[PDB]
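S.K.: The structure file coords-v7.pdb (PDB, C-alpha atoms and all ligand atoms) is provided below.
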ATOM      1  CA  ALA A   1     114.097  11.870 -64.308  1.00  0.00           C
ATOM      2  CA  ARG A   2     113.391  15.519 -65.078  1.00  0.00           C
ATOM      3  CA  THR A   3     110.636  16.417 -62.615  1.00  0.00           C
ATOM      4  CA  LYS A   4     109.230  19.392 -60.723  1.00  0.00           C
ATOM      5  CA  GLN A   5     106.782  20.208 -57.939  1.00  0.00           C
ATOM      6  CA  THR A   6     104.870  23.488 -58.144  1.00  0.00           C
ATOM      7  CA  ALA A   7     104.490  25.766 -55.120  1.00  0.00           C
ATOM      8  CA  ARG A   8     101.403  26.249 -52.967  1.00  0.00           C
ATOM      9  CA  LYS A   9      99.179  29.340 -53.123  1.00  0.00           C
TER
ATOM     10  CA  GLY B   1      87.364  29.802 -64.682  1.00  0.00           C
ATOM     11  CA  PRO B   2      89.748  32.516 -65.963  1.00  0.00           C
ATOM     12  CA  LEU B   3      89.565  33.710 -69.568  1.00  0.00           C
ATOM     13  CA  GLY B   4      92.738  33.847 -71.637  1.00  0.00           C
ATOM     14  CA  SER B   5      96.103  32.462 -70.600  1.00  0.00           C
ATOM     15  CA  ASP B   6      99.635  33.029 -69.349  1.00  0.00           C
ATOM     16  CA  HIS B   7     101.924  33.418 -72.364  1.00  0.00           C
ATOM     17  CA  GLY B   8     104.656  31.850 -70.243  1.00  0.00           C
ATOM     18  CA  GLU B   9     102.709  28.631 -69.704  1.00  0.00           C
ATOM     19  CA  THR B  10     103.521  24.942 -69.840  1.00  0.00           C
ATOM     20  CA  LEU B  11     100.794  22.637 -71.129  1.00  0.00           C
ATOM     21  CA  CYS B  12     100.354  19.015 -70.099  1.00  0.00           C
ATOM     22  CA  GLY B  13     100.871  16.711 -73.070  1.00  0.00           C
ATOM     23  CA  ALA B  14      97.928  14.564 -71.970  1.00  0.00           C
ATOM     24  CA  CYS B  15      95.107  16.807 -70.716  1.00  0.00           C
ATOM     25  CA  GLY B  16      96.365  20.054 -72.237  1.00  0.00           C
ATOM     26  CA  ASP B  17      95.803  22.190 -69.140  1.00  0.00           C
ATOM     27  CA  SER B  18      98.138  24.727 -67.535  1.00  0.00           C
ATOM     28  CA  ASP B  19     100.165  24.238 -64.356  1.00  0.00           C
ATOM     29  CA  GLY B  20      98.400  24.835 -61.051  1.00  0.00           C
ATOM     30  CA  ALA B  21      99.260  24.879 -57.359  1.00  0.00           C
ATOM     31  CA  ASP B  22     101.080  22.009 -55.635  1.00  0.00           C
ATOM     32  CA  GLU B  23     101.107  19.717 -58.669  1.00  0.00           C
ATOM     33  CA  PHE B  24     103.667  17.050 -59.525  1.00  0.00           C
ATOM     34  CA  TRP B  25     105.022  17.185 -63.069  1.00  0.00           C
ATOM     35  CA  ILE B  26     107.410  15.051 -65.102  1.00  0.00           C
ATOM     36  CA  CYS B  27     109.172  15.655 -68.421  1.00  0.00           C
ATOM     37  CA  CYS B  28     109.878  13.270 -71.291  1.00  0.00           C
ATOM     38  CA  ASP B  29     113.597  13.243 -72.126  1.00  0.00           C
ATOM     39  CA  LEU B  30     112.945  12.504 -75.804  1.00  0.00           C
ATOM     40  CA  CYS B  31     110.245  14.954 -76.940  1.00  0.00           C
ATOM     41  CA  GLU B  32     110.606  17.267 -73.919  1.00  0.00           C
ATOM     42  CA  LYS B  33     106.882  17.474 -73.200  1.00  0.00           C
ATOM     43  CA  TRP B  34     105.675  18.035 -69.630  1.00  0.00           C
ATOM     44  CA  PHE B  35     102.967  15.963 -67.948  1.00  0.00           C
ATOM     45  CA  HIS B  36     100.887  16.086 -64.788  1.00  0.00           C
ATOM     46  CA  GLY B  37     102.063  13.124 -62.725  1.00  0.00           C
ATOM     47  CA  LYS B  38      98.368  12.423 -62.189  1.00  0.00           C
ATOM     48  CA  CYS B  39      97.819  12.253 -65.950  1.00  0.00           C
ATOM     49  CA  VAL B  40     100.559   9.721 -66.712  1.00  0.00           C
ATOM     50  CA  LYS B  41      99.883   7.990 -63.380  1.00  0.00           C
ATOM     51  CA  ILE B  42     103.292   8.581 -61.831  1.00  0.00           C
ATOM     52  CA  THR B  43     103.860   9.606 -58.222  1.00  0.00           C
ATOM     53  CA  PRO B  44     106.936  11.516 -56.982  1.00  0.00           C
ATOM     54  CA  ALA B  45     108.007   8.315 -55.204  1.00  0.00           C
ATOM     55  CA  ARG B  46     107.912   6.268 -58.406  1.00  0.00           C
ATOM     56  CA  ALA B  47     109.517   9.036 -60.477  1.00  0.00           C
ATOM     57  CA  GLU B  48     112.446   8.917 -58.055  1.00  0.00           C
ATOM     58  CA  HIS B  49     113.242   5.484 -59.505  1.00  0.00           C
ATOM     59  CA  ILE B  50     112.994   6.738 -63.096  1.00  0.00           C
ATOM     60  CA  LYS B  51     116.337   7.665 -64.681  1.00  0.00           C
ATOM     61  CA  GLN B  52     115.001   9.027 -67.977  1.00  0.00           C
ATOM     62  CA  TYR B  53     111.258   9.407 -68.441  1.00  0.00           C
ATOM     63  CA  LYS B  54     109.882   8.461 -71.845  1.00  0.00           C
ATOM     64  CA  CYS B  55     106.269   9.445 -72.506  1.00  0.00           C
ATOM     65  CA  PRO B  56     103.658   6.987 -73.915  1.00  0.00           C
ATOM     66  CA  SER B  57     103.896   8.470 -77.416  1.00  0.00           C
ATOM     67  CA  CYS B  58     107.694   8.217 -77.554  1.00  0.00           C
ATOM     68  CA  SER B  59     107.595   4.685 -76.160  1.00  0.00           C
ATOM     69  CA  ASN B  60     106.061   3.451 -79.429  1.00  0.00           C
TER
HETATM   70 ZN    ZN C 101     107.937  12.020 -75.418  1.00  0.00          ZN
HETATM   71 ZN    ZN C 102      97.608  16.827 -67.304  1.00  0.00          ZN
END
Translate this structure into structure tokens?
Ligand SMILES: [Zn+2]
Ligand SMILES: [Zn+2]

M.R.:
Amino acid sequence: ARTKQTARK
Amino acid sequence: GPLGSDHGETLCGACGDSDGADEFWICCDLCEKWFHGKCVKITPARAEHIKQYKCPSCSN
């Protein structure tokens, strides 16, 4: 599926 | 909480909030809305087994 994980700070 | 917004933002189709740090998101292949994994109750592990995600609204 089309997914993503955002970065940390 | 910050006032205003980022014009280049993506809003969750469920809760309507912006994207934050270290969040898992998934996109519906039919309406192309994005969702917090936490909001549609899908983990990265589960989403790995999903070929084409179809959001609750589109699944009706
Ligand atoms: Zn959809
Ligand atoms: Zn959300």

S.K.: Exactly which residues make up the result of the PyMOL selection byres (((not hetatm)) within 12 of (chain C and resi 101)) on this file, given as a list in words?

M.R.: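 The output of the PyMOL selection byres (((not hetatm)) within 12 of (chain C and resi 101)) on this file is residues 12, 13, 14, 26, 27, 28, 29, 30, 31, 32, 33, 34, 35, 40, 52, 53, 54, 55, 56, 57, 58, 59 and 60 of chain B.
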
S.K.: Excluding residue 6 of chain A and its own-chain neighbours fewer than 2 positions away, which residues fall within 10 Å of it when counting all atoms listed in the file? Please give them as an mmCIF file with C-alpha atoms, keeping the file's coordinate frame.

M.R.:
data_model
loop_
_atom_site.group_PDB
_atom_site.id
_atom_site.type_symbol
_atom_site.label_atom_id
_atom_site.label_comp_id
_atom_site.auth_asym_id
_atom_site.auth_seq_id
_atom_site.Cartn_x
_atom_site.Cartn_y
_atom_site.Cartn_z
ATOM 1 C CA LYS A 4 109.230 19.392 -60.723
ATOM 2 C CA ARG A 8 101.403 26.249 -52.967
ATOM 3 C CA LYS A 9 99.179 29.340 -53.123
ATOM 4 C CA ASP B 19 100.165 24.238 -64.356
ATOM 5 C CA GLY B 20 98.400 24.835 -61.051
ATOM 6 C CA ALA B 21 99.260 24.879 -57.359
ATOM 7 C CA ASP B 22 101.080 22.009 -55.635
ATOM 8 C CA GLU B 23 101.107 19.717 -58.669
ATOM 9 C CA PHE B 24 103.667 17.050 -59.525
ATOM 10 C CA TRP B 25 105.022 17.185 -63.069
#

S.K.: Would you compute the distance between atom CA of residue 10 of chain B and atom CA of residue 2 of chain A? Give it in Å to one decimal.

M.R.: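 These atoms are spaced 14.5 Å apart.
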
S.K.: Work out how far atom CA of residue 1 of chain A is from atom CA of residue 47 of chain B, in Å to one decimal.

M.R.: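 Between these atoms lies a distance of 6.6 Å.
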
S.K.: In the coordinates of the file, take the point (109.2, 13.3, -54.3) and a cut-off of 10 Å; then, counting only C-alpha atoms, name each qualifying protein, DNA or RNA residue as a ChimeraX atom specification.

M.R.: /A:3-5 /B:24,43-48

S.K.: Take atom CA of residue 5 of chain B and atom CA of residue 42 of chain B and report the distance between them in Å, one decimal.

M.R.: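 These atoms are spaced 26.4 Å apart.
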
S.K.: Check the smallest atom-to-atom distance from each of B:41, B:7, B:36, B:1 to chain A using only C-alpha atoms, then report the winner.

M.R.: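 Of all the options, B:36 lies closest to chain A.
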
S.K.: Around all the atoms of segment 50-60 of chain B listed in the file, draw an axis-aligned box and extend it by 8 Å on each of the six sides; I want its centre and edge lengths in Å to one decimal, as AutoDock Vina command-line options.

M.R.:
--center_x 110.0 --center_y 6.4 --center_z -71.3 --size_x 28.7 --size_y 22.0 --size_z 32.3

S.K.: Could you check the closest approach to ligand ZN 102 (chain C) for each of B:8, B:3, B:50, B:38 and tell me which residue wins, using all atoms listed in the file?

M.R.: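 Once distances to ligand ZN 102 (chain C) are computed over all atoms listed in the file, the minimum belongs to B:38.
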